[PDB]
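Just the one chain here, the form deposited in one PDB entry, laid out as structure tokens.
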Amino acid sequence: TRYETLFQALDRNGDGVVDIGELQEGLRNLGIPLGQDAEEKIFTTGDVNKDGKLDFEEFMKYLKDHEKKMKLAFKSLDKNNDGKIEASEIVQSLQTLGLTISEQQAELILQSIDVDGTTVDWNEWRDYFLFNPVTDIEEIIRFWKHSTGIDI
């Protein structure tokens, strides 16, 4: 019950839906730091029937689709399929997208994502981008830009 756990956590009054207040205060009470336009981007993406409310199916679907996207990004970065992402792979991937960066810049990115202080694996990746509403590698790169300060 991934998304059941999350939803049950967020739905404070237990009326079966999560409103924007519950999402905000919820994310803060779970310790996930998000800006209002990120949270609102999540909400607008999730509210398929546009009633200003997230029911369980909408929530579950958003997180499912998002997880698929992030998994796709991960597997697109992992060139040698070792289930991990090395800095050189970030360099190559960004190079195919017309960005030339150095090894220490990629290392900087990875360290911004890693906690083990090694390179990042699928668990850290997934956890890091779980509530980050980036939709693809481009948006991930833009996020890396305002996160690390490097202009990429």
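Just so we're on the same page, rigid core means the largest C-alpha set that superposes within 1.5 Å between forms. We number the residues from 1 along the sequence you see.
Quick note: we don't show the form deposited in another entry, though the next part is all about it.
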Of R126, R28, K41, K68, the one whose Cα moves 2 Å or more between the shown form and the other one after core superposition: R28
Did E57 shift 2 Å or more between the shown form and the other one, C-alpha, core superposed: yes
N13: Cα shift of 2 Å or greater between the shown form and the other one (core-aligned): yes
